[PDB]
Structures are given as C-alpha cells and as structure tokens.
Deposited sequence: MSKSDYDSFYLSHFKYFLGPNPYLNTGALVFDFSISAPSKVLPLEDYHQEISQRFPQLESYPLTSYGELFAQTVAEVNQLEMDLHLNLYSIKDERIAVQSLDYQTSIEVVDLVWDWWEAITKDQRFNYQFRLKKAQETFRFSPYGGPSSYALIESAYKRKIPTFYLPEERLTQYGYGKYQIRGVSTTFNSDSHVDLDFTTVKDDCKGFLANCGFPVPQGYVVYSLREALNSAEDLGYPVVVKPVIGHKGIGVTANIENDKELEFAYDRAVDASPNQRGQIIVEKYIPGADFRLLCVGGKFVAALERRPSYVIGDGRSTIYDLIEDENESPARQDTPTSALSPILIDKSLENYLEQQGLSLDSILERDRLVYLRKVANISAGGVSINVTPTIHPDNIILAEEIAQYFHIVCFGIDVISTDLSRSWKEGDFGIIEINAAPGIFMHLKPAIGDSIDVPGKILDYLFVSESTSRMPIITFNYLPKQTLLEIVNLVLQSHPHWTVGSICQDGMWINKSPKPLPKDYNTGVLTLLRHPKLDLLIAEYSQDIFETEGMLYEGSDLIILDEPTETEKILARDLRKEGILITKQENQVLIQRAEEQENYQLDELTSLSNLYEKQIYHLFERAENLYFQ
C-alpha cells in the first residue's frame, strides 16, 4: 500500500454522525501524490467496469473512491447498499456486515494500487471472496435478505438479535421476529409435524387430499407394492434423488430396489410408491392464502446428430441468461455427480452424440442453482389447485407454507387425476419466486410483511430521544406519561441508568445492549433514550429515527441527531433560556 492509504476505521450498526443507517467509516488519504497523478484514469478504468458512473461528476479522489466502494458493495446481488457519505475525506458506506464491508474496501484499495502500478487486478477472485464472506453473514441467505430489502422499502425497522439469532421486524409491542420464512408466530407443533413424512401424508390422505399411495425392506416387499392394484417409484428412506428409479414390471422393480439399496446400503428402509408423471411444482401460501406457483424444470439439451452432450451443455452455457451471480435467476449448467448419474441411468454419458431433436434431461430433480429452470406458472393455475393449496395450508399455523406437487398440467384441476402431493415444506425458500428464470416475479417478501403487519398501521411504537437526559428529568417525564397512560410500559435509558415504568434495571456495559433490551420488550409502548456525543460517536444509534428529539445545549455532533426525525415529528432545541418547537413537516 504505497500509493493510497486508508485508516481510522469505525463500524456502526445503525445511524451515526455520517450515515443515517449502519455503516463502515474510514479516512481516505494519498501516500504518493507523485504516483497517483491522474484522476481521470481511475475514473475511466472504474467507469468501464461500472458505466453508470459515467453520469457522475468527477470531483475528488475521495469521492471517486467512495462511489467505487458503494458500487462494489452491491456485489452482484443488487444489494440496496449503494449509499455513501463523504466529508473532509472521511468516507462512510452503508454496511450490513462488518467483515464483508472491510473485504470490499480492501478490494477497492488493492484495486487502486493496481490501477496506479501494474493493473492486472484479479477482480473476479476478490469479489468471489467477498461474496462468500457475505453469504455467511446473517443476511447472506437471499430469502432473508429479500425480507430486509422489503422491510426497508416498507419502512419497517429491522435489527439483529444475536442471542436469538433472529431478525426483529418492528419495535416494542409491534414486533415480529424471524429467521427466514419462519417466524415466531409459527406453531412448534405444526412445524414439527411437517418433518414426519408418513404421519403427514396419512393425515392429508384422510382429509381427502390427493396423496400418492405407497407400501419395504426386501425386494419381495417392493414387488408387493407394484403388484397389489401399476408403474412405481423406488426411493430409499435416506434422498434428494439419490438411488431413485421411477416409472418402473417385476424385473424393472428388482433392479430399482437394488438401485435404492446400493445407493443407501445402511438403509437397505425402502419406499415404493405409485408413479405420477408430470412436472415438479411449488405451491406457496402466505398467511393461509395462495400467493405463487412455480415449476422447477430440470435442465436439458437437444440432439442434432452432430454433437455430444458435453458440447451441448457448453453451448447452452454461453447463453447470456446463464449467470454465476449467487442471486442470478438462472445458473450455468454445472456438472456434478447428480448430472452424471442421471445420464448413466439413461444409457448416456457426456461424450455421447444425440439424434436430431432428441430431448435429454440432465437431472431428475431440478437444481436451479446448478442450471435448472424456475418458471412462474401462477397465471395459469386452476382455481381448484389454488383452493387445494389453501385447504391444506389452513391446518397449519405457519406463516409461509410450501406444497410440492407433481402434475402433467397445473392448469388442469387436480380432480382430473394426473396430480399428487409429494412433500410439505414448513419453511420454504421464496427467492426463486422473486427471481424466476421465466415469467413475472412475485413480491413474496412484500406479501409476507403485508400479512404480518396487516392488523396494524404501524410497525413501531413512538421514540423520544435526548442529547442529555438526567435521571430527574427522565423520571418526571415517565411519571406524567403514566398519569395519562397508567397501563403503559415505558422504557427509559440514559447514562444515569435505565428504568421500566419507574423500576430501575442494571445498565449493561454496552449502551446499545440496554437500548436493544428495550426495543425487544414485547409490551413496550414508549421508548425514551439518551444519545450523548460519548455514545453517538462510539456505539452509534441503535434504532432508525425518533418522533420527538430534544437537544439541551447540544454539541455540534449532538445537533446531528436532528437528521433522523420522523415525518411529522418534532424538534425541540434549548439554547440559553429559549426553546424552539419546530414541527418537522
């Protein structure tokens, strides 16, 4: 690091003096002014990678750096992190994860050293590293991320509860907590039950649902399944298509039994079911109501009499539709054990030429992340299939509920017969519904939040903040509030201690842990909290904005608190003996 230099790094979870949200903050400077002579050349190489920057004015080295980092922070997942603040060469960039954000800044720093010196910067490698780091942050998983992005645009506060490993949505008594598509209202019993395939299938069958019928330790038992009142499916109890043979007479079945057993020998514990032809569809209900349906089509190649499967896969992977980005709608076809096994089962291999117009599926079970195709088929679903989904969902107190079915045509009513329910997913992913390879997206994250907060006009209780709040003042205010609202829970925190309705509680060493405790309180009607400069510049603010802000002889840093004032909030300021009210708007 000879050309440019970064120092004085600070990370804030929430709003701080530089940004109104969480951020990584650092000081930008130049070590070698004689080497970093161009500004335009940095602009050009960077804008070539990020052409949207050609719309920006070229000002300082610091601002260009900040912009570069802000763009890089999006990685390739369009994360809503393209936000920066620069003043006096101090750069703040929006940050979801401390470790990830540092990696990004180092990436850009090393990149600029390379731009200055010998170029040849391995951007892809460094980015992939950052992407992987991000993936193990609490927001790394795209179904969790989508909910955050949605909560942001919906103005529902979110923060992370590290002892619970949950995201909290909303404040105080309005709170929802959750992990991904699973939430704290979801019933333990009801969830547990969906992990038991046999009892779950039995129960659904008894409710008149189209559950496939089935009967195995020995091949003799496998045979009995097919014999007693038909083509079958053979899978071991223990999966994901491993050892799976389907559309099976006696000889085919002896073979299929062996397949399942050899694949999983410790589970010799074999499942033999009547075969249902058709595509694999996911039916999703949210809040008990159907929201989306999606087909998961295995990837495939078409013959030509000229070229091998390997060649056909490579040609298909040149399609611009195939992207490596973890959150692409469609991955390049990847070659793994599952693909090779499925070809073997067809008497095919990679080095095999297919006849003109022959279609060959590469996997039995689509893996979207490895090249399968996600199709939004919602607009064509038969109303009876919508109803089926809802009639199943109504029995489980689970906010997000997925049903995996097989059908030859989802536009035909299940009553027609080429239809059956294979699996229940009590905490389904939703990303693929937001980003299908084919068809319109469905804002499922949106629908989830809409349902969760359907009953309330707000996701958050009122917050009062002060730059200075001595115990005396705090308690007088608490007293008045309770006189008007004696049934309320009022959480109050300042440097002098913390109280709930007059009852003192120990103050944690981390100020914001105390604040967290209050936000997390399920009955909280009102939060009152101090953020003196000592804290604002050290831990930062934990919640996103106040309804009432009070500045008693504030420092210039303390005055910044005023930025995060809710629409129609009030800013009270005291200087000498005068007090201003200033309704926000």
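Missing CA stretches, deposited numbering from 1, N-terminus first
In the chain as deposited, 1 to 5, 221, 236, 246, 257, 278, 596 to 629 carry no coordinates.
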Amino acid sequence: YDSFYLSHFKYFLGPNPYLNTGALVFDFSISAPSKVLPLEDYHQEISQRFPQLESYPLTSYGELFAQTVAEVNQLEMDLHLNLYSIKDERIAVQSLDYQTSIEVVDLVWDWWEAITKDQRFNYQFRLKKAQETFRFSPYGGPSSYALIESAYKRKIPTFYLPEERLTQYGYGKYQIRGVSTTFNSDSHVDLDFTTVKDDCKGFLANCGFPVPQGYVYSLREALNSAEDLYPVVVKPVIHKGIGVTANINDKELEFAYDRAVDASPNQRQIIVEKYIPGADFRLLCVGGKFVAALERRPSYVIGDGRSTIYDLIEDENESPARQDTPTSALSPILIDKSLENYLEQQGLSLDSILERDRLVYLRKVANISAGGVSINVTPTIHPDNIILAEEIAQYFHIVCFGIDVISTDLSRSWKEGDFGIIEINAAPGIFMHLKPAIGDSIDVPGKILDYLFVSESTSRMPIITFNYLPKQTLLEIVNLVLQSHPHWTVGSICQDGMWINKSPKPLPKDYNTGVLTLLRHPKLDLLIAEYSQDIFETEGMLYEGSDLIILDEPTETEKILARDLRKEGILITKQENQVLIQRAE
From here on, numbers count along this sequence of modelled residues.
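Decide which of the stretches 460 to 468 and 71 to 79 has the higher mean C-alpha B-factor, going by the entry.
Result of the comparison: 71 to 79.
When the Cα temperature factors in the entry are averaged, is it 495 to 503 or 95 to 103 that ends up higher?
According to the PDB entry, the answer is 495 to 503.
When the CA B-factors of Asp228, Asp110, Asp190, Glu423 are compared as recorded in the entry, which is the largest?
Highest CA B-factor of the listed options: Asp228.
Looking at the C-alpha B-factor values in the deposited entry, which of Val405, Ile430, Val211, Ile276 comes out highest?
Answer for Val405, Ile430, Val211, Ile276: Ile276, with the highest C-alpha B-factor.
Thinking about Cα B factors across the chain, which third does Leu527 belong to?
Lowest third - that is where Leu527 ends up once the chain's C-alpha B-factors are sorted.
CA B-factor ranking of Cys200, expressed as a third of its chain
Ranked within chain, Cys200 CA B lands in the middle tercile.
Ranking every modelled residue in this chain by its Cα temperature factor as given in the entry, which third contains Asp88?
Highest third.
In terms of the CA temperature factor given in the entry, to which third of its chain does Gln575 belong: lowest, middle or highest?
Answer is highest: the recorded C-alpha B-factor places it there.
Split the chain's modelled residues into thirds by Cα B-factor; is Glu544 in the lowest, middle or highest one?
Bottom third by C-alpha B-factor.
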